[PDB]
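Form solved without heme D, single chain, as structure tokens, below.
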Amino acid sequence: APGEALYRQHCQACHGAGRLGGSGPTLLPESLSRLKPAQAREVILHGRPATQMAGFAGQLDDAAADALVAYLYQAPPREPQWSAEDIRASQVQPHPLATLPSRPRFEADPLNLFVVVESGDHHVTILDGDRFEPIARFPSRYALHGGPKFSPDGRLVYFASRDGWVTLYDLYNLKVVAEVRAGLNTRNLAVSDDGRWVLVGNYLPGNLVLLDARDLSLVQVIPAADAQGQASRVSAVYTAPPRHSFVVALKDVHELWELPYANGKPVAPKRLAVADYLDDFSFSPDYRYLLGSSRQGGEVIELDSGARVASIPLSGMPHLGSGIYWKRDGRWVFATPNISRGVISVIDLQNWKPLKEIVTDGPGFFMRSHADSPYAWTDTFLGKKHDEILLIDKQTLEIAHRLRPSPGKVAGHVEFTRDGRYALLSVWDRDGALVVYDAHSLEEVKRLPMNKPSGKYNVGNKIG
């Protein structure tokens, strides 16, 4: 085909042999699932503003650009592999933990640090959570995915990237400890509650990759396949601390997995049959129940027996993974945003009966709160109107307040300081910002300019 030859001559230098990546990102069909071919075409011709991807309009014509786009989105004749041997060969260890002191090199409170993902230019900022000033900034792997995870004591932070790279960062020494490429297209990762294991959930290959959390060395590649042998992508991996287990959502088979690690490296799944494909898990506070979205509403499964105990039909497809729990009149309640409709659904835990449907302007994506806050903070991140953060009173279940940090720009995602006194909102824009708010007065206290900040993650709240 003409695309391949054009690719070798003009592209392989940076995007690598087989489109696996190199200087530039991986360019497999899975890698480009969020990039429409017309957008890829414009990137190839004119480049990406303010990056190392320059335009090629002067080197190739319309037919050559179309040929290249067609090649990038075409499935290869055989699926690319990423073996145990590939994984081990990719490990690097610039600052092994054995060689580093175990003392914070800074004066900021280690438990109030924010890890801030700067997705516009693929950097990470480490923020002093009391001064709201950076103590470190470093370039990350391209297109971080899934939000960072922490070691149990909050000293170490683990990043996963779209194209399969895992990064271990030591917050005390402000240094990259190790990196490894666990797959070719990665969904997210999870850290065991005893701090020993990293479990990586991959789309490509369809597998789980188990790493030693101290140096990102390979422990075992676990192919994702149901009991009948049918291959599957991993949708997401989660930690269930009271069960000392990983819980795995599988994209393409009627199974979900629990991998216990109390007795050692979690290499053997306990398989639980599900009636329908189930991903985007949420866990009840006691981790006895799993709330998932089925390909057909919400499904409540008991983890031990795997029995389906209740079904909750809700408008549109609710984003159960982002839902949160709190006590309202001395009884657990659960609230979830929605991907296609503009509503916040509130469910009663005791009976799994819906309590109230709070109507909003548009579909949202994020939800957060704090023991010290009387509101649940959410958004309409996915709607046509999307510059407002909504504060839903935990008791009245109504939008009590609204926050509009940058009128006209996408506002979304909220994280608090460890004591809940301040809330940090992201304006997801090239001319974006991290906006600090007093969580009780609700007034803007500070604003940090950033290129498309996405999530920020408070050590204290993430490990508490």
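Start at 1 with the first residue shown and count on from there.
Unmodelled stretch of the deposited sequence separating residue 296 from residue 297, binned as none, 1 to 3, 4 to 9 or 10 or more: Going from residue 296 to residue 297, the model skips 1 to 3 residues of the deposited sequence.
Per the entry, higher mean C-alpha B factor between 202 to 210 and 265 to 273: According to the PDB entry, the answer is 265 to 273.
Per the entry, higher mean C-alpha B factor between 397 to 405 and 29 to 37: For C-alpha atoms only, the mean B-factor is higher in 397 to 405.
Top residue by Cα temperature factor, when 313, 152, 241, 101 are compared in the entry: Comparing C-alpha B-factors across 313, 152, 241, 101, the maximum falls on 313.
Candidate residues 290, 222, 389, 234, the one whose C-alpha B factor the record puts highest: The C-alpha B-factor peaks, among 290, 222, 389, 234, at 389.
Third of the chain's Cα B-factor distribution that residue 95 belongs to, per the entry: Lowest third - that is where residue 95 ends up once the chain's C-alpha B-factors are sorted.
Relative C-alpha B-factor of residue 192, binned into the chain's lowest, middle or highest third: Tercile = lowest for this residue's CA B-factor.
Assigned third (lowest, middle, highest) for the C-alpha B factor of residue 228: Middle third - that is where residue 228 ends up once the chain's C-alpha B-factors are sorted.
Third of the chain, ranked by Cα B-factor, where residue 342 sits: Ranked within chain, residue 342 CA B lands in the highest tercile.
Position of residue 78 among the chain's modelled residues by C-alpha B-factor, lowest, middle or highest third: Lowest third - that is where residue 78 ends up once the chain's C-alpha B-factors are sorted.
Quick note: we don't show the form deposited with heme D bound, though the next part is all about it.
Per-stretch contact check against heme D in the bound PDB entry, the hit in 344 to 352, 143 to 151, 175 to 183, 299 to 307 (non-hydrogen atom, 4.5 angstroms): Checking each option against the 4.5 Å cut-off leaves 143 to 151.
Contact residue in the bound PDB entry, from 111, 339, 218, 97 (heavy atom within 4.5 Å of heme D): Only one listed residue qualifies here, and that residue is 339.
Answer option from 118, 387, 280, 255, heavy atom within 4.5 Å of heme D in the bound PDB entry: None of the other options qualify; the answer is 280.
Contact test in the bound PDB entry: residue 332 vs heme D, heavy atoms, 4.5 Å: Answer no; every heavy atom of residue 332 is more than 4.5 Å from heme D in the bound PDB entry.
4.5 Å heavy atom contact, residue 188 to heme D in the bound PDB entry: Because a heavy atom of residue 188 falls inside 4.5 Å of heme D in the bound PDB entry, the answer is yes.
Touches heme D in the bound PDB entry: residue 413 (any heavy atom, 4.5 Å): Result yes; residue 413 sits at the interface with heme D in the bound PDB entry.
Heme D contact at residue 366 in the bound PDB entry, heavy atom, 4.5 Å: Residue 366: yes, in contact with heme D in the bound PDB entry.
Residues 34, 162 and 462 all lining heme D in the bound PDB entry, heavy atom within 4.5 Å: All of them do, each having a heavy atom within 4.5 Å of the partner.
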